[PDB]
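Asker: Chains as they are written, first to last, in the entry's author numbering: chain m, 9 to 230; chain l, 76 to 287; chain n, 34 to 265; chain k, 1 to 195; chain f, 4 to 234; chain i, 30 to 255; chain h, 10 to 205; chain g, 7 to 248; chain j, 2 to 205. Yeah, the Cβ is synthetic: ideal placement off N, Cα and C, and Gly gets one too.
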Amino acid sequence: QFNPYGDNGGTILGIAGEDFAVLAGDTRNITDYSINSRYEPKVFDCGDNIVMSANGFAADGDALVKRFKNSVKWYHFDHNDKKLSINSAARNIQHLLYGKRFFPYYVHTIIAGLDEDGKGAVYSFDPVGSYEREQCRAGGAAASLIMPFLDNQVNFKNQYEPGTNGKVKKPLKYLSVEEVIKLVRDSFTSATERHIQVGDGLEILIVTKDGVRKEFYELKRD
Amino acid sequence: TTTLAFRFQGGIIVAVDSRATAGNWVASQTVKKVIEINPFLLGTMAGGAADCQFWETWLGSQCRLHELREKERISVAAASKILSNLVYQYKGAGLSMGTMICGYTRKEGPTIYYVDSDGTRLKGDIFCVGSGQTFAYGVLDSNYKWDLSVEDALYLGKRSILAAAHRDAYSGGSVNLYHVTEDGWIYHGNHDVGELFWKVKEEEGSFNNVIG
Amino acid sequence: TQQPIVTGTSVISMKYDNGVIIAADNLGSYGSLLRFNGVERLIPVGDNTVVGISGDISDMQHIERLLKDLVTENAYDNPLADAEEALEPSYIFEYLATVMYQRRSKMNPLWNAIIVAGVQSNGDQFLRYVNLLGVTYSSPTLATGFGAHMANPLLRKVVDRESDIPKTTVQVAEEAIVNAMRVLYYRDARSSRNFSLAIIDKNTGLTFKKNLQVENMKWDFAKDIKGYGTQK
Amino acid sequence: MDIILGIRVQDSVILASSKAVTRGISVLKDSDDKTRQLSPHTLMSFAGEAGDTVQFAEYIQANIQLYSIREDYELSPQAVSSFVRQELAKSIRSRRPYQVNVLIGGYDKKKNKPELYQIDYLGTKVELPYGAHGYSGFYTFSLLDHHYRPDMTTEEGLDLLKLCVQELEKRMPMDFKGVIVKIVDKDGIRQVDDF
Amino acid sequence: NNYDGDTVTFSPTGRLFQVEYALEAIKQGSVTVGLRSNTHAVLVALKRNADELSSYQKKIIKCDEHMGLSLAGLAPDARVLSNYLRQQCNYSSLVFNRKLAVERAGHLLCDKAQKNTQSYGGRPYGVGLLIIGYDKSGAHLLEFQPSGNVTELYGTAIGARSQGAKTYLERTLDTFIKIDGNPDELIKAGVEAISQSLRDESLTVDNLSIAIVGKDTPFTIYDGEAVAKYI
Amino acid sequence: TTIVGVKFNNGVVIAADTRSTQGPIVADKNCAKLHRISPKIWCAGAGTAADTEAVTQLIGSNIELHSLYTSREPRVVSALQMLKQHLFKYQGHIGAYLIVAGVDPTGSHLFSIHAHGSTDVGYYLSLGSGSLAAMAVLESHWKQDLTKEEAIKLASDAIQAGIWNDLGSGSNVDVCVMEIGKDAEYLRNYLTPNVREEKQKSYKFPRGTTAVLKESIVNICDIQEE
Amino acid sequence: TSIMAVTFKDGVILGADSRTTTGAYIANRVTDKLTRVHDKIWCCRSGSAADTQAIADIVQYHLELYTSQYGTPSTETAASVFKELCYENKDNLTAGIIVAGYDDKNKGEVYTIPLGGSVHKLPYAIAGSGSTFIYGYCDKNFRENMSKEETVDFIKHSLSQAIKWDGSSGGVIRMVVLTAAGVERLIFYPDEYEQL
Amino acid sequence: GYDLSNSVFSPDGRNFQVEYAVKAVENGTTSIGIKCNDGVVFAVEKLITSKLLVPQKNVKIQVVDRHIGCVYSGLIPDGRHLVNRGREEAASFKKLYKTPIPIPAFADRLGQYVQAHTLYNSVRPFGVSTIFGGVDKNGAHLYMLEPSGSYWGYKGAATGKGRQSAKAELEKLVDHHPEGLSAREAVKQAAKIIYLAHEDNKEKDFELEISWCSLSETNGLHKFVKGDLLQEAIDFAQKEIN
Amino acid sequence: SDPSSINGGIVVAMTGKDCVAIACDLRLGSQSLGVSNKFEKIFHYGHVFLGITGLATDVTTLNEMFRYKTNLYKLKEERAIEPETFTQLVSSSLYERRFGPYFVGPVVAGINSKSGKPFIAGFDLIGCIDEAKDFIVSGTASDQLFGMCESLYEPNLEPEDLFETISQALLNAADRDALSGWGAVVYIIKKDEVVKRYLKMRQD
């Protein structure tokens, strides 16, 4: 018997700003308990201020990135160098997924960038299609250690003005990129201990409207 | 996951929850199940998220193109019996669906048709579909008036989604309401389920199961 | 559908300052019955790229063919078109990659794992992996099969990261690949004493050292212990 | 499967279909019909598999009416019956199974006799003086045989059929919320709102 | 229709006349000039207005970010081949992890012309393309004919008054080959080239459409007021 | 079911039983398992009866086509290689075990062909379920070159071993003797055991001893002037 | 079912037996499994009785057409054929063939094709299901380079150890001798080597 | 009037279409093939018809597999298609038999494919003479293939405009050596006989290209003659004509 | 379950001297539920009589399949179909599907008009001629029948000797069966006039 699906593990984290978006994920690649590669990105820039990761099972992840970077060339070609929006990209991916659902894909996709209001964008996707815009969503292996922490510290969840005993919500957080950079790394340094498919290298792609910033940061190899 | 919609004399109150899961933990808590087919057609995502969302968006392709050829937008019967065949072919090929197409036209009045993975196309006046559809059915049918105000009809909307949130594992998060008139839907806010809870317990005295 | 019938063991390999070394042992096993001896699973394509194919010999034959055909396709048109529009390791990689993947998709896999080892026209190291899922990845140390976590741990202990590569010399690399064959030949039940070895350098090209033998074994101390610890 | 009974009265066929519709574990609707008039003088009621029923039922009205308008005359119930048989017959051999059990009742005004037919899911046509499919069939086949006479007036056929309804309700573990009644007769195809 | 028929005829002169006829497509088209150095290729195209309320007709199509084509002749014909060159380039990027080189793409194209001359119910395409690019083997400029011949040149033209552009390029030939890493100079010498190929339609900063390719620069198309630095 | 095929010097002799069974019940005490590919190339079949008879008909038609198209007498191989090819196509979802034997200008032949697409050659072969019981007598008594009269007594007594020991074999013993450059003789019922005894009385009933319900006549004659 | 081939200085001699079981029941005990597909490229069949006969007709066909247009195919050439049918039907055909044959220039050569289908040139090959037992006997007492007389006694005794241990191997031993000189069948009945 | 289709016959045995296709090949350029004992030497004349051209950057001699040179004249695009087909047919042989296609076997595939286009009205006959040969293990061979789908063995063959002259000089060279000459020595003679074959056609100016498949110097693979060897061959011919 | 055993159905048939006889029951069930006490399963195409057994639907489908082909022969060759040719045809039709097969057991009964001779045949599921000139029976109480008929039958039966034999044989067999019975209809087929008689027997 043949079963075509594996796993390559890893985790990603898309945190939508109000003037940026940040897509970060670990560069470790594993197949069970053997470490396949330390450092080999799962996080890609796809040109014209949209970034792309398809994390889960690497063999699919490759193919789905390569068809997206084809659908950029073909837009420039047939629409006369029109810029391709985050919003239009989101849908276009879902066809890519759906077309082979009868044979399933097994990757979670988070794309990010800036759209035409100049707000942060994150769309996250389920494997068999569908997408939803959210301000923050984690994905991949270690996601569920990451997400309730992220929902606490960004969106200020279950937090309340002191001395009224929960009758006024604590006032919402105005994002800026520097608080956000510190935050990514603190959250990851924890996941890496407690979850064994994360670690090694961390690659933070930042999108701003001025260009795409690549800031690499090491983690422990524990 | 629970969806419902009801006829009354003012139109169709369509109400949904905003929580869905995967596994056993809550995958999204902002996951809006109101899928705009058209400015005059709402479709309600239960069953497989992928299948529902994609196909209802493509339904809106065939609603927009029908309207170009015949110069008059689609009847609710006619839109539903587009969807039914589509589904039906992917029968014995494996699909998942569980939508209501809710529409108000001037040739058919309010109409709701329920479409299912099996390929039933059923008419009716109250349709509650989903994992928690038993908890919805109840609060909805016990305070059912065809002679109903639009203010009470929202407030009824809310309390059938909060029954559904309270007992279903997989329902809750937030509540969206849309009132479909003839002139199409108008959006009545996003109201957190968490935040909603304590105001209804305060008013009605209900929820005497949960400690003060 | 397809499953392993006749199989090879393990391909091991590592990066060094001016290139790559890659070696594989010469065995065609038919389960426990060691049916085929003197079967070589290193296959040179070009003259700076050695493509070592692991998994089944059956499937291997039909990839050995496609490498020879690719060299023929490339060589077409101009005399400048084989001088410097020659195949590169990164080109060879993708070609093998893309076929395997599509055969996995149609549910009849080409059951191999492949390592493509070479050096660029730009003058850079390339050591990369592909398999029967279509997973791709690059690393400074690589292996396949049972040496994926037998031999590989030893090699990765020499060169931990890609910046320790200019500090490691071609003769220290040489040692590690011999040493790790010896560890294979010990602790793995399908292994052969014969191994082929290749050195790809970017200053002298490909030199192919064939039919080295694993020498310098220890077997002195298995006369000082006896039984399962109950009979002396 | 639910309620679907025929009784061949002297001059008419009285068919009745369940109101209740349960898909999943919750009754969702309870005034639905399961019958579609083929031609002015042939009615067809159906039950079987969910969703197979609704589509395949629309399919036969379409085709028989296609032929009606070609010849400006209507097929006999014997002739429509054979068409429905033909199709389902191809369908148990074919890749996707249909599973539709039908009572086709009609008044043929050219033989001048009411005709009642039972087509099971396998594809067997049989002429009968009373009939039924499924779960309901098991209690009623014997109940109708008891009291019947060869010639019975129309309002006698109603009274009998309401004995059969009444019985069913006690005995079946399923709930069906009463039937809808339709008479197919020589004077057209009407409903009775009395249950 | 004697010997002069459809694509199946010989013709006691060894010709087929379908080929000469499609080469009048080109002649009835507007002029274009290509010229290359060892570090840069440059195409300098004359667009053509239909009337003064009509615009100017695009004459240069981008195939890749290091490969481009510019047509001369029938626009519907061009669009069947232009789709084709971009399609096999993305194919070569996908499969071989490699740019589709200009010289090789001339060979691919060549056989695509041939089989509509082979088959009865075919016709040759009535477009000739000039194809530049910069690859791993450097600059190339190909001249493609309705015949299906691909030829490599230092500078050529096709159009009307194509003779007048080539005579300018025969003098100044050894000057532009030894200008390298100064793209500006090549652009101006080609402006100057197409000056001898005017029907008194003038040099104008919306009539002339430029596209360049470098070693050090992607394929880029200058149009509108990106051409004013030469003009 | 014992069906033997035994070569001897001047030709080949093939014998069979005529008891054809369907599970614990004897369907028919009289059919024949011997078919005719061609006039001097007889064959018999064993295993699923439908799949023998249809395969023999099917390929029978095609070697006769061919035999006109060469304007020549058919050869044993001609039939044999067509067989082989056909059964292989379904991958042995067809279950035939035929002895194909026959003479022709270029000598005596005798093959056996199994349900997948296997083929063997010997000088004494047997198929059937009784095959085992045949085979025992065959291996002792046989010897190289027999005469015709000897070959028919070996053949018959080999099926009889079959009858006695194998339940599913019984009835008459047919023979068809094929001998090079003389016509092929069918000797149906050569030696017949398994004669049924006379009933102890007869069971004839007089009229009206079964009830009648009503009477009508069915008219099978064509439609005519009234 | 035991099949072997052994190369010698002036050619190759091929060796098979004649017992072929299905079950416990010996179908025919005088079976011939050494087959002509050309005229100096002979094969030995082992494996599934249907699947070897099937494949082997299909090669007979390809090779003879090769003769008629192009000139005689080589041992090399024929070996490739058998691989190219096993490899593309490896999912459902259980066939291991030994293709041994005499090229003019290169004398006798042996190629063996596994079930999965692949060329292997060998100084001698054994495959079957009763030839698993003689891997040690052939290997040790194999002298590279033998004479015509030496070769036949070596293979006779190799087949006798294989017969002794496998109840699917017995009967007479069939040999084909392929040399420039021609094609010679030899046969040994059991009384002639069970004494040795 | 028998040019309507390429399946028609004429009462003089002619098939007008196909004969007119030879007119197409006569407008080619001189192309030779030298059957030597060690191998084969092909050469093609490449006209420089403009000084705007980039010399030695266009080939009219392309290999098919690695040991069959194919050099064509007539319609240059049309030959690029007939060469293109024989790479498919050649590769099919190698897959199916694991041996590179023999030269007489390749002769048949190409021949048959050209013959085919006169048996259907759906296609046009090719107007080229193609010249192909190489070294196989049954030795070196040479074939000239007609646009008619006809071929024969040749001890030397030629095509072009200067074909009267070439075929003529090639008789002289087979009358110098009845036992034939080295492919080493043939590099310098292809140079010589294209040069005398251009006195008819001396309007233009040309670049000489030469290629070889020899067992003795290019180890049976078809490689290009280049470097000092190429420019010495040019110099040889020039001294001969002066 | 088994496809034949989902309505039942038996056909018995025997030869006499200048007469054959065929006979069936009338039951059509859907498993345990008896659905109808009348449904002829013998049908007649000219002067051949076709008995059809096995699976419920396939009595109906396969009958009208023969309706279509009999017609093509009668229209073309301008005569009614002979017993022997129709036996061949049934064999050919059953085999047409062998993957996704029929599930029926026909009985061909007739008397040739070209020579005045009885001819009967039998069939299995996949379909093969089963010769006799004694008797053939088919169905699912075919087992019970095979015995019953053997005891009773005597070579050369007279026309209304043949009627008592086949009527009793069938009666006893069907009431030792669940899925056949509920009435029986016996044809006596002569050379000029075929008589249809229903038989009064146990319903229960």
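Give the straight-line distance between the Cα atoms of g:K143 and n:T34, rounded to the nearest whole angstrom.
Answerer: About 41 Å.
Asker: Does any CB atom of chain m fall closer than 8 Å to the CB of l:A124?
Answerer: With 8 Å as the cut-off, l:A124 counts as an interface residue toward chain m.
Asker: Hey, does g:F230 have any beta-carbon neighbour from chain n nearer than 8 Å?
Answerer: Yes, g:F230 lies at the interface with chain n (some Cβ there is under 8 Å from its Cβ).
Asker: Over the uninterrupted alpha helix (DSSP H) stretch that includes i:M207, give me the two end residues.
Answerer: It is not in any alpha helix (DSSP H) - i:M207 instead sits in the beta strand (DSSP E) that spans 203 to 208.
Asker: If you measure from the beta carbon of j:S31 to each beta carbon in chain k, is any gap under 8 Å?
Answerer: j:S31 counts as touching chain k.
Asker: Leaving out five residues before and five after g:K198 in sequence, what residues of the same chain have Cβ atoms less than 7 Å from its Cβ?
Answerer: Closer than 7 Å at the Cβ level, and outside the excluded window around g:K198, lie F242, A243, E246.
Asker: Under DSSP, the alpha helix (DSSP H) around j:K197 begins and ends at which residues?
Answerer: That residue, j:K197, is in no alpha helix (DSSP H); its beta strand (DSSP E) goes 195 to 200.
Asker: Measure the C-alpha to C-alpha separation of j:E79 and k:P97 and round it to an integer number of angstroms.
Answerer: Distance between the alpha carbons of j:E79 and k:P97: 41 Å.
Asker: How far does the beta strand (DSSP E) with h:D148 in it reach, from first residue to last?
Answerer: Looking at the DSSP string, h:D148 is not in any beta strand (DSSP E); the run it does join, the alpha helix (DSSP H), is 144 to 150.
Asker: Alpha helix (DSSP H) containing n:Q158: first to last residue?
Answerer: Per DSSP, n:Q158 belongs to no alpha helix (DSSP H); it is in the beta strand (DSSP E), 158 to 163.
Asker: So is i:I54 buried or exposed if we call it buried at 16+ other beta carbons inside 10 Å?
Answerer: Its Cβ having fewer than 16 others within 10 Å, i:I54 is exposed.
Asker: Check this for me: beta carbons of l:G173 and l:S192, under 8 Å apart or not?
Answerer: Yes; because the gap between Cβ atoms is below 8 Å, this pair is in contact.
Asker: Could you check where the alpha helix (DSSP H) with h:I67 kicks off and where it finishes?
Answerer: Where h:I67 is concerned, the enclosing alpha helix (DSSP H) stretches over 58 to 79.
Asker: Give me whichever residues DSSP pairs with g:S135 in a beta bridge.
Answerer: According to DSSP, which records beta bridges pairwise, g:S135 is partnered with g:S79.
Asker: Using three-state DSSP, classify j:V109 as helix, strand or coil.
Answerer: DSSP places j:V109 in strand when its eight states are reduced to three.
Asker: Pairing CB atoms from the region 159 to 168 of chain j with CB atoms from the region 186 to 200 of chain j, are three or more of them under 8 Å?
Answerer: Segments in contact, yes.
Asker: For the alpha helix (DSSP H) holding f:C113, just list the boundary residues, first then last.
Answerer: It spans 105 to 121 - the alpha helix (DSSP H) in which f:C113 sits, taken as one unbroken run.
Asker: Under 8 Å, with one C-beta from each stretch per pair, do the region 125 to 135 of chain m and the region 161 to 169 of chain m reach the 3-pair mark?
Answerer: At 8 Å Cβ cutoff, the stretches do not touch.
Asker: Nearest-angstrom Cα distance between f:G71 and f:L156?
Answerer: Rounded to the nearest angstrom, the two C-alpha atoms are 16 Å apart.
Asker: For the alpha helix (DSSP H) holding n:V104, just list the boundary residues, first then last.
Answerer: That run of the alpha helix (DSSP H) goes 90 to 108.
Asker: Quick one: which residues of the region 103 to 121 of chain l get their C-beta closer than 8 Å to a C-beta of chain m? List them in chain order.
Answerer: Those would be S103, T105, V106, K107, in chain order.
Asker: Work out the CA separation of i:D212 and n:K139 for me, nearest whole Å.
Answerer: The straight-line gap from Cα to Cα measures roughly 59 Å.
Asker: Could you give the DSSP three-state label for h:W51: helix, strand or coil?
Answerer: In this structure, h:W51 counts as strand in the three-state DSSP scheme.
Asker: Under three-state DSSP, which class holds k:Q118?
Answerer: Note: k:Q118 maps to strand in three-state DSSP.
Asker: At a CB-CB cut-off below 7 Å, which residues of chain n make contact with f:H110?
Answerer: Here the neighbours are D110.
Asker: Under 8 Å between the Cβ atoms of k:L75 and k:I60?
Answerer: Against a cut-off of 8 Å, the Cβ pair of k:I60 and k:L75 comes out as no contact.
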